[PDB]
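A short worksheet on the structure shown next.
2 protein chains.
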Amino acid sequence: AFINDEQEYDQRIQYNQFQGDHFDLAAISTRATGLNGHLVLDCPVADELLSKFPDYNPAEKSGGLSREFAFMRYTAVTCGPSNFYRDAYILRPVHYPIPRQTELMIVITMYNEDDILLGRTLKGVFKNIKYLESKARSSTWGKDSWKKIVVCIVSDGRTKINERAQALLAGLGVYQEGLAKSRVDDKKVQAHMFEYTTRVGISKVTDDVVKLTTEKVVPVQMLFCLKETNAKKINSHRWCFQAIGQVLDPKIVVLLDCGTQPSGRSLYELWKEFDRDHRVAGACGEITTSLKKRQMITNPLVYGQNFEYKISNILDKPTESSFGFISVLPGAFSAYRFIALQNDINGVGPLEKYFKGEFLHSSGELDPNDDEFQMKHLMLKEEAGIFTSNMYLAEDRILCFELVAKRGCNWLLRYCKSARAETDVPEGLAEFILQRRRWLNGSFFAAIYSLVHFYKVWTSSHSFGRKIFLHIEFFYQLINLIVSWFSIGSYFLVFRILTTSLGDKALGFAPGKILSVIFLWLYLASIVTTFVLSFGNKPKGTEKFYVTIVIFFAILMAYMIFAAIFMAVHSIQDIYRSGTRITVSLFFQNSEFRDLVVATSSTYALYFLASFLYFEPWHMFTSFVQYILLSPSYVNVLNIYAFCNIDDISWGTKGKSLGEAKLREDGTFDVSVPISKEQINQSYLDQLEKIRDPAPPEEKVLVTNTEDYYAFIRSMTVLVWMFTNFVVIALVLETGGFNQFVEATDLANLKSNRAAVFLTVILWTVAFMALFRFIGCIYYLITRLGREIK
Amino acid sequence: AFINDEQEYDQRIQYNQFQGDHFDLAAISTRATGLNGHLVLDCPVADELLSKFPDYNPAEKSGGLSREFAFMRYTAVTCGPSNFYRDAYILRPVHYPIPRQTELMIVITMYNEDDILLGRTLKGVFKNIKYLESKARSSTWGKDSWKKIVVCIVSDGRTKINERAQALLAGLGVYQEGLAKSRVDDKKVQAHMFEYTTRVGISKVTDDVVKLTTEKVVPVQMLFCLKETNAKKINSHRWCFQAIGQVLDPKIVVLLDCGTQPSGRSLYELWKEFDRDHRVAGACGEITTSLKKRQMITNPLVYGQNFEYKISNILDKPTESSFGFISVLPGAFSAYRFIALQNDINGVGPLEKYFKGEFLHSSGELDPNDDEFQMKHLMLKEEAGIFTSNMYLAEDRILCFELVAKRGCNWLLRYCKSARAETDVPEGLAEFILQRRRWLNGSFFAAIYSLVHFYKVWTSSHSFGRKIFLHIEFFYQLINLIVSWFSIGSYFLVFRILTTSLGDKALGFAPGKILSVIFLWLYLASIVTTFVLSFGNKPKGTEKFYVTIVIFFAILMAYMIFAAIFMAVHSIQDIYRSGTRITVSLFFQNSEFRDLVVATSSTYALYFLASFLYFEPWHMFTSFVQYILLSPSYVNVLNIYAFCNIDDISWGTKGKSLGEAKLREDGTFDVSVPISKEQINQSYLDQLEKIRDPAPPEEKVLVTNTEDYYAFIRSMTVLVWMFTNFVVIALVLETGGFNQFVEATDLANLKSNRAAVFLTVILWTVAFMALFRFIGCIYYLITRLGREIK
Ligand SMILES: NC(=O)OC[C@H](O)[C@@H](O)[C@H](N)C(=O)N[C@H](C(=O)O)[C@H]1O[C@@H](n2cc(C(=O)O)c(=O)[nH]c2=O)[C@H](O)[C@@H]1O
Ligand SMILES: NC(=O)OC[C@H](O)[C@@H](O)[C@H](N)C(=O)N[C@H](C(=O)O)[C@H]1O[C@@H](n2cc(C(=O)O)c(=O)[nH]c2=O)[C@H](O)[C@@H]1O
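Protein sequences appear in the order of chains B and A. As numbered in the authors' numbering, residues 135 to 137, 146 to 171, 238 to 863, 868 to 1002 make up the first sequence, in order. As numbered in the authors' numbering, residues 135 to 137, 146 to 171, 238 to 863, 868 to 1002 make up the second sequence, in order.
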């Protein structure tokens, strides 16, 4: 088990002086005393782990190590997040005789993750801490910087945690099996907290095994909170913020996910972003997809995702940062300023909005024995509107808006490209669909919520010009939402127009008509099957259907590209053949050539230039084709699955022995049955009286279950979506009954004109959005360079 | 509580001599002895019930009543249906010193039914038994006929039974609360059986209360089997046939349902049908809908159901009886010959086929403690095909086929119109949809299964002509299935053709075009919403949507009728105006008039004549219009809901405390944690070794759950249905890409010709099916009259 930039850090660190601070222990005789009447145990760590440490001396009983390095602390938390601070629950960092002030709380979220992912994340975090320690000419960082950093690992579900990751944590010395206790004082233990200052560092993380060593390892404070039962990720974040954060009172809480490996200096970059400008309340960093042992052709999906991530980080994030409002801060890698998230005295704030989703989106079955029964009952008893009861879709996204549009605060969200983190994307199609479900639902709901409540920014204490530019950004987001809502209909219309144009006898393409008919039938069949499967079955089961649909859509996209190129070439040849003193004006006056070629070429050129200016050009070559061929799948399959499954009904449905006859030694059975005549007569009379009366009306008027409400919401949403898309399609191609209001010959020309108008509208909308994002990213680069010079 | 044809019965019955047979009791001291090592208790009934009986004498300790009338018997059954006969479980009728042979077992099925429905059913059964007792010149029936009849009430679910019906049963004296025991000898009690010969008769059953009296009441043997847990209706029938039937070994098992009130002589009619012809193995009787306190206009649905029931009993049942094979025998009121249902020595038979559905259609989670674990495990381990694993859809329907097409037996199914039973239909729309779901699914699956396996009748020992006529019936059923599969597409095509025909400028109707467009849009919206709701929500929740859709479809049907009449009148006027020596030949040569008018009028006339000949003409006037206006709803809404919900997933998903720390008198907490250095080091080494190894491949290859299989089957079914219907629609109206292969002017004429051909085909298919059924019912009447004369 035990065996260039990194090297630099090691030279600056002395590594000889790492004596820990003394703290009071808990007596463990096996009666054990608990601090403040809580179950707390300071157990000794395995002697081998102590022996590994350089400072260890065989003669000394504990090796001469400090109290913190010698003993690991275990606490049983029964109250839960809401009352954790109210009760006298004390964490070790704040229990020292000299209080320690936290500067950076690195939260890590875990759920049945392999030990490899956790090892990678911990290696990244340890490298960042080592870099911070090595920093010499820093006012805040340097010697004894590890005391200001706490790493919190919140594992969701005691029985769902992977055994190998748990073994990894045990190897670090944080966790021990015997300590954990199910109940204390007849009270269920909601969480188990293990605290230890580990001096064990992961040397390397191969594909199959993890190697940890004690050589050149900086001590790290580790708090491992294992939850008794799984309550999703919102509950984990409630533990992180509502309970642990209040006790620690940190700054710049960093949120990480297992499998996300930050760079060697990424966390320093995030901290510096927060430090330079005091108005910044949230920050995000570049997220990359690993392509180590994945081929270009064998894994089209991975490379398509790589292209999507690169384009996002190059165009979307910089523009939103320039405007000061970022729609989404990735939960896998982000950072928030703790004070900015605090609620107001009235009790309304970003954290309240974020947490309300968990309580509202759940079965209305509250256990009376829970100590948070009063809070949950009061929240559920409150009248909730559409937005409040559907907050669960937005998730972290809501926070961003609530931070920017505060009542009287001046907060901004910023994106830094210096911070980089690498994560593993889902290779399988089913996992990819499942991941995109919640991403799409959250994006849509957050956009709708922000646009509806755009007026809340009026009262915020921002400069007038800042408000004007925020309104410009809101207008852009409204246009983007409108475009995204009509994506499926626009795709179908473009496909139909391009395929039917090849059927025209003017151009010399014989199979065009038959191919168009066949493709139409296949397209309809694929859409219908996608809807049926999205409602009926699970993606993991019927994966082959989705694979076939994706392949067909890729082939169709290739055919559409070929058709567009053929049409443009034919239009140019028609420009030439006749002979009209050919000039650039005529080329730009031809609707076909202009719309089909110029707009798409301009969009591609803008993407190419944006990639080049950021010194990240490879993705434009290696991964462009895969993304282009998968685009229709993104619009059709993922969107249909997401909208069909807006409701996430995780909870199931709903939720005195008469006697016991035991055979005795003899054949007789011991029974207790009525014997006296009096009781038999009384029971008979009671039955007579029970049936002797008419039936009263039920009039239950029960509240009923919330699953029906969410299912109704989802059904209404999908129906409205279908209706609007079909209205647009019928208006463009004269598909419904509209054809009756025209004649045999007028219909063709009218349909052609409408199709041309629609094509030019959609293509130029896309091109102008691309230009807007390009200008945004150029401004981001210029301002960041100027700031760096300053 | 205690207060003309019927009168006749009372005059023939003496009522003075009703002494019961003596039987051995079980000692009840409170140690009680159980017969054959089973938990059996013979308790005394309430003294007031004994006092009511005329024969009661105050001086006598028990009133001089017989042992059976004095004591009620309670038995606890732990084994279950499969092993009930193998174990020494003895029922009281067979326990007499002189064995009693059962002639008619009247099974009644109950599930949380109101005491009113049970009271009505019991009143009907008691009246039938009284009539059988009164019969004088009968070889089998007459004095002491009540000894040959046993009434079995199988209640599904101990905690789901309604309290008022249970109180009714207690009032009869069958049930007592104290006796029931949950466990015996550490074995769960699957069923609780209460046996009593009750002399209490329900005098009248008002709307709100039930009145029972002891005057002029014939004793009735009652066996009330209360099941511990609900296992649906197939398990109840398994209890009735597999377990109770074997012990009783009865003939002509009668199946009834709560709320079904047979007539005064209906059961005698069924028994006589079985007795006259020995080849008969199953029989069914006329089922009627009560219209006592229900108005014509206030309850369209009830009257529509009345018309449907009357037409079924007048046309479908008689024809199928004449052919000797009835597709469905109503489970609410039917009768079967017990010997015919017995399986073969090889173990294959109608009952095995019927029961396999319960075991196959359930979660694959078998409790090892069940005594039927071996049987269920063997059945599930067996390789099951599509038909075997989907038997659950057919339900009782399967039995009929398996009875007719036996390997070497000669059995027939017969329908008798002398037997009548009245039942309450679901007034609500949601309940009606839920009821029709399983009816439609069973009808479709049974038709498919019978048609695929039509060859099995070759080996049956039937006359050659009988086999020929059975093949003719199979051909008719194939045509009916084909027509029913394309119902929705045919309805849409007819609607579209009729609405568009009004748009023609030849006829003088201005709003036609706009109305057709609006109706098309509304029709599409209704179909799409029906699909979405059928997949997403429950009928009870979103009932208003279904109500609105039904109302719209009724309005559309009225408009279609108006359009057809207008078109026919216009065609006749065109025949006349020009002047062509008008004759009947020209009227019959005009496609419009002929198809639209003659076919529909002929169908209506056939229905009218069939109703008149059966002396049941009122339904053709009172309830015809409601059925006509609801027809499209039947085809669209019910069929869509049934196909979307083929899978009936009733079962849910899926299905060691670390320690306990108790605070002592002192502040210390009592805990058990590792102390010795050795064990700590050993645990650390174990964790190191656990993580020190590479991850082995899962390779689970698990069978997985059956819910996915059924969902997949349902999705495939709906997809195939949609595809076939759309292919037909596209072929008829040139709706898809077919229009591209024609020109501006040819499309109109070609579409018109295809529409005319389709209309004539469908209308004449319906008319010929009606004529076939009419001839069938006439033959049934003639043969029944001839038989009656004989
Ligand atoms: N830009 C971007 O986000 O990419 C990142 C990458 O693609 C993501 O997949 C990344 N691995 C990721 O974050 N996955 C999960 C998630 O996103 O929800 C994270 O939540 C944790 N989790 C999941 C639960 C569940 O699955 O039900 C649960 O019940 N409770 C709980 O705590 C889980 O341990 C993981 O850390
Ligand atoms: N021609 C025609 O059939 O019309 C008859 C009329 O319209 C029907 O409604 C009639 N009342 C009827 O039979 N209803 C039920 C059914 O049909 O299944 C019957 O089954 C019994 N039942 C239902 C269960 C459930 O509901 O889940 C269950 O779980 N276990 C169980 O034993 C229930 O006590 C009733 O007796």
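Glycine included, every Cβ here is placed at the ideal spot set by N, Cα and C.
Practice task
Take A:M765 as the anchor and find which of A:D255, A:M313, A:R704 has the nearest alpha-carbon.
Solution key: A:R704
| request: Measure from the alpha carbon of B:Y699 to the alpha carbon of each residue in B:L971, B:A240, B:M430, then state which is nearest. | output: B:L971
* To do: Could you name each continuous alpha helix (DSSP H) segment of 4 residues or more that falls completely within the stretch 786-856 of chain A, going from the start of the chain to the end?
  => 792-797, 807-821, 827-830, 832-841, 847-852
Report task. Kindly examine ligand 1 and report whether one of its heavy atoms sits closer than 7 Å to the Cβ of B:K440. Result -> yes
**Request:** Consider the C-beta atom of A:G539 and the heavy atoms of ligand 2; say whether any pair is separated by less than 7 Å.
**Result:** yes
In angstroms with no decimal places, state the Cα-to-Cα distance between A:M828 and A:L814.
12 Å
Query raised in the report: Are the C-beta of B:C251 and some C-beta of chain A separated by less than 8 Å?
Result: yes
Cα-Cα separation, B:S692 to B:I442:
27 Å
Notebook entry, point to check: Is the shortest distance between the beta-carbon of A:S411 and the beta-carbons of chain B less than 8 Å?
Noted result: no
Are A:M981 and A:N688 closer than 8 Å when you measure CB to CB? yes
Q. Quick one: what's A:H400 bridged to in DSSP?
A. A:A284, A:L434
Exercise for review: Inspect the beta-carbon positions of A:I410 and A:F334 and report whether they are closer than 8 Å.
Suggested key: yes
(message) Please classify B:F823 as buried or exposed, where buried requires at least 16 neighbouring CB atoms within 10 angstroms.
(response) exposed
Chain-ordered chain A contacts of B:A240 [CB-CB under 9 Å]: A873, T880, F881, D882, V883, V885
Practice item. Return the residues of the stretch 478-494 of chain A that lie within a Cβ-Cβ distance of less than 8 Å from chain B, sorted by chain order. Key: none
- Task: State buried or exposed for A:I676, treating a residue as buried only when at least 16 other CB atoms are found within 10 Å of its CB.
- Result: exposed
- Query: Can you tell me whether B:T707 is buried or exposed, with buried defined as 16 or more other CB within 10 angstroms of its CB?
  - Reply: buried
Are the C-beta of A:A718 and some C-beta of chain B separated by less than 8 Å? no
To which residues of the same chain is A:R502 closer than 6 Å at the C-beta, ignoring the five residues directly before and after it? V510
Thinking C-beta only, is B:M313 closer than 8 Å to B:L380?
-> no
**Distance between beta carbons of B:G650 and B:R605, contact taken as under 8 Å** = 5 Å
field: Bridge-paired residues (DSSP) for A:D483
entry: According to DSSP, A:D483 bridges with nothing at all.
| request: Count the CB pairs spanning the stretch 525-542 of chain B and the stretch 477-492 of chain B that are closer than 8 Å, and state whether there are at least three. | output: yes
Are A:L549 and A:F449 touching if we call contact CB-CB under 8 Å? yes
ask   = Going by DSSP, what residues sit across from B:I314 in a beta bridge?
value = B:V359, B:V462
Residues from the stretch 805-818 of chain B in contact with chain A, defined by Cβ distance under 9 Å: none
Starting from the beta carbon of A:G379, find every residue of chain B whose beta carbon is closer than 7 Å, and list them in chain order. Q899, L900, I903
Beta carbon of A:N853 nearer than 8 Å to that of A:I696:
no
- Message: If you follow the beta strand (DSSP E) that A:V248 is in, where does it begin and where does it stop?
- Response: 248-252
Using the rule of at least 16 other Cβ atoms within 10 Å of the residue's Cβ for burial, across every protein chain shown, is B:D364 buried or exposed?
-> buried
In three-state DSSP terms, what is A:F160?
coil
### Query
What separation, rounded to the nearest whole angstrom, lies between the Cα atoms of A:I547 and A:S290?
18 Å
Quick check on the DSSP output: what are the complete alpha helix (DSSP H) runs of length 4 or more inside the stretch 595-647 of chain B, in order along the chain? 604-612
Practice task
Check the DSSP bridge columns for A:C448 and list the partner residues they point to.
Solution key: Bridge partners of A:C448: none, in fact.
What is the C-beta distance between A:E751 and A:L637, in whole angstroms, given that I count them as a contact (C-beta under 8 Å)?
-> 6 Å
Under 7 Å from the C-beta of B:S927: neighbouring residues of chain A | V740, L741, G744, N745
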